[PDB]
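Shown below: final_25.txt, with compact mmCIF, C-alpha atoms.
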# COMPACT_ATOMS: atom_id res chain seq x y z
CA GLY A 1 0.04 -56.61 27.23
CA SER A 2 -2.06 -59.29 28.88
CA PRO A 3 -0.68 -60.56 32.21
CA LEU A 4 -3.02 -62.03 34.83
CA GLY A 5 -4.82 -58.63 34.58
CA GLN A 6 -7.59 -60.56 32.84
CA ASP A 7 -7.32 -63.85 34.80
CA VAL A 8 -7.57 -61.96 38.11
CA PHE A 9 -10.52 -60.11 36.58
CA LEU A 10 -12.36 -63.42 36.14
CA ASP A 11 -11.00 -64.44 39.55
CA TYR A 12 -12.66 -61.42 41.22
CA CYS A 13 -15.82 -62.34 39.34
CA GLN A 14 -15.72 -65.89 40.71
CA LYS A 15 -15.17 -64.20 44.10
CA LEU A 16 -17.88 -61.54 43.65
CA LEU A 17 -19.83 -64.52 42.33
CA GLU A 18 -19.06 -66.26 45.65
CA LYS A 19 -19.60 -63.16 47.81
CA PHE A 20 -23.14 -63.07 46.38
CA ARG A 21 -23.02 -66.80 45.60
CA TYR A 22 -24.45 -66.04 42.14
CA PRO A 23 -24.88 -69.04 39.76
CA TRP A 24 -22.10 -69.77 37.20
CA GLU A 25 -24.10 -68.16 34.36
CA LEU A 26 -23.94 -64.62 35.90
CA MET A 27 -20.19 -64.36 35.35
CA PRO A 28 -20.81 -61.89 32.46
CA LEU A 29 -22.71 -59.73 34.96
CA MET A 30 -20.11 -60.05 37.73
CA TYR A 31 -17.58 -59.37 34.97
CA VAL A 32 -19.18 -56.04 33.90
CA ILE A 33 -19.87 -54.85 37.48
CA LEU A 34 -16.11 -55.18 38.18
CA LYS A 35 -15.24 -53.47 34.85
CA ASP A 36 -17.02 -50.43 36.26
CA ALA A 37 -15.83 -50.66 39.86
CA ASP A 38 -12.25 -50.68 38.59
CA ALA A 39 -12.67 -54.40 39.35
CA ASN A 40 -12.50 -53.64 43.10
CA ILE A 41 -14.96 -56.11 44.67
CA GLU A 42 -15.34 -53.96 47.81
CA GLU A 43 -16.21 -51.05 45.51
CA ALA A 44 -18.20 -53.33 43.17
CA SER A 45 -20.11 -54.99 46.04
CA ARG A 46 -21.28 -51.62 47.42
CA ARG A 47 -23.12 -51.28 44.09
CA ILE A 48 -24.73 -54.74 43.98
CA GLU A 49 -25.60 -54.33 47.65
CA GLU A 50 -27.31 -51.00 47.03
CA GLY A 51 -28.81 -52.80 44.06
CA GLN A 52 -30.14 -55.76 46.10
CA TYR A 53 -31.54 -53.27 48.58
CA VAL A 54 -32.48 -50.88 45.79
CA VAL A 55 -34.49 -53.51 43.90
CA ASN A 56 -35.78 -55.13 47.11
CA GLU A 57 -36.63 -51.65 48.42
CA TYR A 58 -38.60 -50.95 45.22
CA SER A 59 -40.41 -54.16 46.12
CA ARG A 60 -40.93 -53.13 49.76
CA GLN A 61 -42.32 -49.65 49.03
CA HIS A 62 -44.75 -51.19 46.52
CA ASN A 63 -44.99 -54.58 48.29
CA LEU A 64 -46.54 -55.57 44.93
CA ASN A 65 -49.86 -55.72 46.82
CA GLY B 1 -34.13 -40.02 42.22
CA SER B 2 -37.55 -38.64 43.11
CA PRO B 3 -38.58 -37.50 39.59
CA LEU B 4 -38.05 -39.76 36.59
CA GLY B 5 -34.47 -40.44 37.55
CA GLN B 6 -34.87 -43.74 39.39
CA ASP B 7 -38.09 -45.08 37.82
CA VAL B 8 -36.55 -44.74 34.33
CA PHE B 9 -33.50 -46.48 35.76
CA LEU B 10 -35.59 -49.49 36.79
CA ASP B 11 -37.37 -49.22 33.43
CA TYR B 12 -34.06 -49.69 31.57
CA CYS B 13 -33.19 -52.40 34.09
CA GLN B 14 -36.47 -54.22 33.37
CA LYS B 15 -35.76 -53.65 29.66
CA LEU B 16 -32.13 -54.82 29.89
CA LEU B 17 -33.69 -57.66 31.89
CA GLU B 18 -35.83 -58.31 28.78
CA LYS B 19 -33.11 -57.68 26.17
CA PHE B 20 -31.08 -60.47 27.81
CA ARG B 21 -34.21 -62.20 29.14
CA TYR B 22 -32.54 -62.37 32.58
CA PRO B 23 -34.72 -63.70 35.46
CA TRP B 24 -36.44 -61.12 37.72
CA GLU B 25 -33.85 -61.75 40.47
CA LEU B 26 -31.02 -60.13 38.42
CA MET B 27 -32.53 -56.65 38.61
CA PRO B 28 -29.80 -55.63 41.13
CA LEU B 29 -27.23 -56.63 38.48
CA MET B 30 -29.03 -55.08 35.48
CA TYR B 31 -29.38 -52.08 37.80
CA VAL B 32 -25.63 -51.72 38.54
CA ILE B 33 -24.60 -52.35 34.90
CA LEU B 34 -26.82 -49.41 33.84
CA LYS B 35 -25.26 -47.32 36.66
CA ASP B 36 -21.95 -47.60 34.81
CA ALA B 37 -23.29 -47.23 31.26
CA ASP B 38 -24.93 -43.91 32.13
CA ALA B 39 -27.96 -46.23 32.30
CA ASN B 40 -27.98 -46.31 28.47
CA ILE B 41 -28.90 -49.91 27.59
CA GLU B 42 -27.00 -49.54 24.32
CA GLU B 43 -23.80 -48.63 26.19
CA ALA B 44 -24.71 -51.11 28.96
CA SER B 45 -25.62 -54.02 26.65
CA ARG B 46 -22.29 -53.67 24.81
CA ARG B 47 -20.59 -54.52 28.13
CA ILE B 48 -22.79 -57.53 28.95
CA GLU B 49 -22.43 -58.71 25.36
CA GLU B 50 -18.64 -58.52 25.51
CA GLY B 51 -19.12 -60.14 28.89
CA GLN B 52 -21.28 -63.04 27.62
CA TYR B 53 -18.77 -63.52 24.84
CA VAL B 54 -15.89 -62.74 27.19
CA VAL B 55 -16.90 -65.40 29.75
CA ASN B 56 -18.10 -67.79 27.03
CA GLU B 57 -14.83 -67.19 25.16
CA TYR B 58 -12.79 -67.88 28.31
CA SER B 59 -14.89 -71.05 28.37
CA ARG B 60 -13.73 -72.02 24.85
CA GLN B 61 -9.96 -71.56 25.26
CA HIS B 62 -10.05 -73.76 28.39
CA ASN B 63 -12.96 -75.76 26.93
CA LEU B 64 -15.41 -75.91 29.89
CA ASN B 65 -18.44 -77.50 28.19

Serialized structure, structure tokens:
Amino acid sequence: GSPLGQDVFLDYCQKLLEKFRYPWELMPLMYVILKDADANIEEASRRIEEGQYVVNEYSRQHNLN
Amino acid sequence: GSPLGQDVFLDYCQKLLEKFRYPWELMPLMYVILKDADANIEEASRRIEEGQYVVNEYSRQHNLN
């Protein structure tokens, strides 16, 4: 019923958290992102990445001049 | 999206960013979360919430504060 399945989950977060070196308070975010990407960092990172670029891109196109 | 497919998306993001008062640098995260919750803040917030509690909870059992 509840093996490491959860522990690993937080472990990936700490890793996704390390991959993006996010602060310790964004664990709830890293946590959800993985909940969607089946918890697969490689599959979860591709989202954040697009996100980082996505958001940044939205900032490049507009350059907030 | 070219029409109101992406813009709305960032709108929810900025809103989710406001609902949780997250800094402006977590738009890539608020962005992904919405990507999983059909972009519906209500369905997306429920995850974060469980997340905040989830992580916080994991912080109580082990007592990390």

LSQ fit chain A -> chain B, C-alpha in sequence order, output as a short mmCIF file (atom, residue, chain, number, x, y, z; two decimals) with C-alpha atoms, keeping the file's coordinate frame:
data_model
loop_
_atom_site.label_atom_id
_atom_site.label_comp_id
_atom_site.auth_asym_id
_atom_site.auth_seq_id
_atom_site.Cartn_x
_atom_site.Cartn_y
_atom_site.Cartn_z
CA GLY A 1 -34.72 -34.28 43.64
CA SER A 2 -36.23 -37.58 42.59
CA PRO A 3 -38.30 -37.44 39.38
CA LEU A 4 -38.72 -40.54 37.22
CA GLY A 5 -34.87 -40.53 37.11
CA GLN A 6 -35.09 -43.59 39.35
CA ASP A 7 -38.28 -45.14 37.89
CA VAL A 8 -36.81 -44.98 34.37
CA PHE A 9 -33.66 -46.50 35.85
CA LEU A 10 -35.65 -49.57 36.94
CA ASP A 11 -37.50 -49.33 33.61
CA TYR A 12 -34.22 -49.65 31.66
CA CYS A 13 -33.36 -52.57 33.92
CA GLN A 14 -36.65 -54.31 33.09
CA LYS A 15 -35.74 -53.54 29.45
CA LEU A 16 -32.08 -54.64 29.73
CA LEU A 17 -33.66 -57.52 31.64
CA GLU A 18 -35.85 -58.12 28.56
CA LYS A 19 -33.07 -57.50 26.02
CA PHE A 20 -31.19 -60.35 27.72
CA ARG A 21 -34.45 -61.84 29.03
CA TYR A 22 -32.79 -62.24 32.45
CA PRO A 23 -35.00 -63.65 35.28
CA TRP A 24 -36.72 -61.17 37.67
CA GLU A 25 -34.10 -61.77 40.40
CA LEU A 26 -31.22 -60.24 38.34
CA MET A 27 -32.71 -56.75 38.52
CA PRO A 28 -29.98 -55.75 41.06
CA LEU A 29 -27.42 -56.79 38.44
CA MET A 30 -29.18 -55.06 35.53
CA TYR A 31 -29.53 -52.12 37.93
CA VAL A 32 -25.76 -51.85 38.63
CA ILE A 33 -24.71 -52.43 34.98
CA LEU A 34 -26.84 -49.39 34.02
CA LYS A 35 -25.45 -47.36 36.97
CA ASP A 36 -22.07 -47.73 35.28
CA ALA A 37 -23.16 -47.32 31.67
CA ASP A 38 -24.76 -44.00 32.62
CA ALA A 39 -27.89 -46.18 32.46
CA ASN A 40 -27.65 -46.23 28.64
CA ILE A 41 -28.79 -49.74 27.67
CA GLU A 42 -27.02 -49.55 24.29
CA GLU A 43 -23.84 -48.65 26.19
CA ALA A 44 -24.69 -51.10 29.01
CA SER A 45 -25.51 -53.95 26.59
CA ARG A 46 -22.13 -53.64 24.83
CA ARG A 47 -20.65 -54.61 28.22
CA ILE A 48 -22.92 -57.59 28.98
CA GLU A 49 -22.48 -58.70 25.38
CA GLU A 50 -18.70 -58.59 25.64
CA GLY A 51 -19.30 -60.30 28.96
CA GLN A 52 -21.45 -63.11 27.51
CA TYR A 53 -18.84 -63.56 24.81
CA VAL A 54 -16.04 -62.89 27.29
CA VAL A 55 -17.23 -65.58 29.71
CA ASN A 56 -18.33 -67.92 26.90
CA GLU A 57 -15.00 -67.27 25.17
CA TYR A 58 -13.16 -68.21 28.38
CA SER A 59 -15.20 -71.40 28.13
CA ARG A 60 -14.39 -71.91 24.43
CA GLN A 61 -10.61 -71.43 24.75
CA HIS A 62 -10.59 -73.90 27.66
CA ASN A 63 -13.61 -75.92 26.45
CA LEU A 64 -13.44 -77.25 30.04
CA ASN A 65 -12.18 -80.50 28.48
#

Write out, as CSV, each residue of chain A that has an atom at most 9 Å from chain B, together with the closest pair of atoms and their distance in Å to one decimal, counting only C-alpha atoms, rows going by chain and rising number.
residue,atom,partner,partner_atom,distance
A:10,CA,B:55,CA,8.1
A:25,CA,B:52,CA,8.9
A:26,CA,B:26,CA,8.8
A:27,CA,B:55,CA,6.6
A:28,CA,B:51,CA,4.3
A:29,CA,B:48,CA,6.4
A:30,CA,B:29,CA,7.9
A:31,CA,B:51,CA,6.3
A:32,CA,B:47,CA,6.1
A:33,CA,B:33,CA,5.9
A:35,CA,B:47,CA,8.7
A:36,CA,B:36,CA,5.9
A:37,CA,B:36,CA,8.5
A:44,CA,B:32,CA,8.9
A:47,CA,B:32,CA,6.1
A:48,CA,B:28,CA,5.9
A:49,CA,B:28,CA,7.9
A:50,CA,B:28,CA,7.9
A:51,CA,B:28,CA,4.2
A:52,CA,B:28,CA,5.0
A:53,CA,B:28,CA,8.0
A:54,CA,B:28,CA,7.2
A:55,CA,B:28,CA,5.8
A:56,CA,B:28,CA,8.5

Q: Find the distance between CA of residue 19 (chain B) and CA of residue 42 (chain B) and write it in Å to one decimal.
A: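 So the answer is 10.3 Å.
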
Q. Please, what distance in Å, to one decimal, runs between CA of residue 39 (chain B) and CA of residue 20 (chain B)?
A. 15.3 Å

Q) CA of residue 21 (chain B) to CA of residue 63 (chain B): how many Å, to one decimal? A) 25.3 Å

Find the smallest box with edges along x, y and z containing every listed atom of region 21-28 of chain A, then add 8 Å on each side and report centre and edge lengths in Å to one decimal, as AutoDock Vina command-line options.
--center_x -22.5 --center_y -65.8 --center_z 39.0 --size_x 20.7 --size_y 23.9 --size_z 29.1

N, CA, C and O atoms modelled onto region 30-52 of chain A, as a short mmCIF file (atom, residue, chain, number, x, y, z; two decimals), in the coordinates of the input:
data_model
loop_
_atom_site.label_atom_id
_atom_site.label_comp_id
_atom_site.auth_asym_id
_atom_site.auth_seq_id
_atom_site.Cartn_x
_atom_site.Cartn_y
_atom_site.Cartn_z
N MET A 30 -21.18 -60.34 36.75
CA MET A 30 -20.11 -60.05 37.73
C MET A 30 -18.94 -59.41 36.97
O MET A 30 -18.29 -58.50 37.43
N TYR A 31 -18.69 -59.91 35.79
CA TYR A 31 -17.58 -59.37 34.97
C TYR A 31 -17.79 -57.87 34.72
O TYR A 31 -16.93 -57.06 34.99
N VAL A 32 -18.93 -57.49 34.19
CA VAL A 32 -19.18 -56.04 33.90
C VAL A 32 -19.12 -55.23 35.20
O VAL A 32 -18.40 -54.25 35.29
N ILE A 33 -19.87 -55.61 36.19
CA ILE A 33 -19.87 -54.85 37.48
C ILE A 33 -18.43 -54.49 37.88
O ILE A 33 -18.13 -53.36 38.21
N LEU A 34 -17.54 -55.44 37.83
CA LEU A 34 -16.11 -55.18 38.18
C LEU A 34 -15.51 -54.21 37.15
O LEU A 34 -14.76 -53.32 37.49
N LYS A 35 -15.81 -54.38 35.89
CA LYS A 35 -15.24 -53.47 34.85
C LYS A 35 -15.55 -52.03 35.20
O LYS A 35 -14.82 -51.12 34.87
N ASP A 36 -16.63 -51.81 35.88
CA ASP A 36 -17.02 -50.43 36.26
C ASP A 36 -16.37 -50.06 37.59
O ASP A 36 -15.83 -48.99 37.75
N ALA A 37 -16.43 -50.94 38.54
CA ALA A 37 -15.83 -50.66 39.86
C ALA A 37 -14.32 -50.84 39.80
O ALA A 37 -13.70 -51.29 40.74
N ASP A 38 -13.72 -50.51 38.70
CA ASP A 38 -12.25 -50.68 38.59
C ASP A 38 -11.90 -52.12 38.97
O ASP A 38 -10.76 -52.45 39.22
N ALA A 39 -12.89 -52.97 39.00
CA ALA A 39 -12.67 -54.40 39.35
C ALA A 39 -12.46 -54.56 40.86
O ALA A 39 -12.11 -55.62 41.33
N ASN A 40 -12.68 -53.52 41.62
CA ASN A 40 -12.50 -53.64 43.10
C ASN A 40 -13.78 -54.22 43.71
O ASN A 40 -14.78 -53.55 43.84
N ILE A 41 -13.75 -55.47 44.08
CA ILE A 41 -14.96 -56.11 44.67
C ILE A 41 -15.56 -55.20 45.75
O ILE A 41 -16.71 -54.83 45.68
N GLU A 42 -14.79 -54.84 46.74
CA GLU A 42 -15.34 -53.96 47.81
C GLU A 42 -16.09 -52.79 47.18
O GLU A 42 -17.17 -52.44 47.59
N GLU A 43 -15.52 -52.19 46.17
CA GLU A 43 -16.21 -51.05 45.51
C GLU A 43 -17.31 -51.58 44.59
O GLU A 43 -18.30 -50.92 44.36
N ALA A 44 -17.15 -52.77 44.07
CA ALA A 44 -18.20 -53.33 43.17
C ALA A 44 -19.35 -53.88 44.03
O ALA A 44 -20.51 -53.78 43.67
N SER A 45 -19.04 -54.44 45.16
CA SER A 45 -20.11 -54.99 46.04
C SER A 45 -21.02 -53.85 46.51
O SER A 45 -22.23 -53.96 46.48
N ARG A 46 -20.45 -52.76 46.95
CA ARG A 46 -21.28 -51.62 47.42
C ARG A 46 -22.36 -51.31 46.39
O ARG A 46 -23.44 -50.85 46.72
N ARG A 47 -22.10 -51.56 45.14
CA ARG A 47 -23.12 -51.28 44.09
C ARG A 47 -24.18 -52.38 44.13
O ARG A 47 -25.34 -52.14 44.38
N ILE A 48 -23.77 -53.61 43.92
CA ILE A 48 -24.73 -54.74 43.98
C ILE A 48 -25.56 -54.59 45.25
O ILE A 48 -26.78 -54.52 45.21
N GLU A 49 -24.90 -54.51 46.36
CA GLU A 49 -25.60 -54.33 47.65
C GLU A 49 -26.69 -53.28 47.51
O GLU A 49 -27.86 -53.55 47.67
N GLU A 50 -26.30 -52.07 47.20
CA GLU A 50 -27.31 -51.00 47.03
C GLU A 50 -28.35 -51.54 46.08
O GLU A 50 -29.52 -51.44 46.30
N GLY A 51 -27.89 -52.18 45.05
CA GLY A 51 -28.81 -52.80 44.06
C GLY A 51 -29.79 -53.75 44.78
O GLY A 51 -30.99 -53.58 44.76
N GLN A 52 -29.26 -54.77 45.40
CA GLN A 52 -30.14 -55.76 46.10
C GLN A 52 -31.14 -55.00 46.95
O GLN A 52 -32.33 -55.21 46.89
#
